[PDB]
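We give structure tokens for two forms of one protein chain below, kept apart as structure 1 and structure 2.
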Structure 1
């Protein structure tokens, strides 16, 4: 689901929609939320609500608009998971980064904006959060269970603003060898933080996921909110 009327334009001209929430107290910092492979769906709506309840505005752009605008898939439905994996395999990461950079620029000057912008992404969106952090588009970036970060480690020195990553120690998208590479690589730049939640796997911060772990979700979420609060006025 998206907010009707909201349109954002990327550098290459492509336009896309977004789900937006603004807090009752504004101006406020704005968090761009990078979706997972299911599009702007119920958990993205929950993420917008969670951030708005904490005093932020939030913008979750339709990153699948270059393939199938408005795609919003149910992670409990097997056929819709298959569709999500197929869209993910065809997803253009570089265009996704550019669409997030356009949503970040948009987020700097809306009626509710205080001018500061953060980014929070989940899985596909956590990989995109690291790429965006390597470009410097945002003030602060956060990735939950980003996939494939061990293949992007040459970008560690390019991160020049803080970026926080929450990883499950039982997430087999990030097996022991990958966890060691990321831990060693990220450790060279103090602007990066990566925490490992040893009793949690993938999607551990989504309440309806089979991977949900309330203690790890709560610790990671409070660390995300502590990390974003400097953006507040």
Structure 2
């Protein structure tokens, strides 16, 4: 689901919608939420509600608009999960970063904005969060179990603003990254913070997930909120 009427223009004229949550009280920092492989769906709406309930405004852009606008897949339905994997395999990461950049610019300028913008991404969105941190578009970025992070380690020195990443230590559907490689790589730049959840793999934050681990979800969520709170006025 998306907020009817919201249209954000990107770097190449491509336009996409977004699910928007105004803050309980204005002005407030705005959090751009970078979707997982299921599009802007029930869990993304839940994340928008969560951040609003925690004092933020939130914008979840339709990153699947380049392929199939309005895609919102149910992770409990096998055929929709197969469509999610197909969309993910064909997803253009660099265009996703560009769309997120446009969503961040949109977020800085809303009437309810305090001027500060953060980004929180899940899986696909967690990999995107790292790429966005390497470009420096946001004040603070957070990635939950970002897929393929180990392969982007050469970008560690480009990160100029804080970025926090929650890593699942267990393999699940997507394998876990090397604790050794990530720890060493991220360790070189104190703007990067990383936590490992040895009793969880990816997808641990969604209650209905087969990978949900309440303890990991809660501790990661607590750290995400502590990490984002300095953005608040």
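Each form is matched to the other, and the largest set of C-alpha atoms that superpose within 1.5 Å is called the rigid core. Shifts are known only where both forms have a C-alpha. Numbering follows the first chain given and starts at 1.
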Next item on the list: Would you mind telling me which residue of 205, 65, 174, 44 shifts its Cα by 2 Å or more between structures 1 and 2 when the core is superposed?
Entry: 174
Item checked: Core-referenced Cα shift (Å), residue 184, between structures 1 and 2 -> 0.9
Check: Segments of at least 3 residues with every CA displaced 2 Å or more between structures 1 and 2, core-aligned, in sequence order?
Finding: 171-179
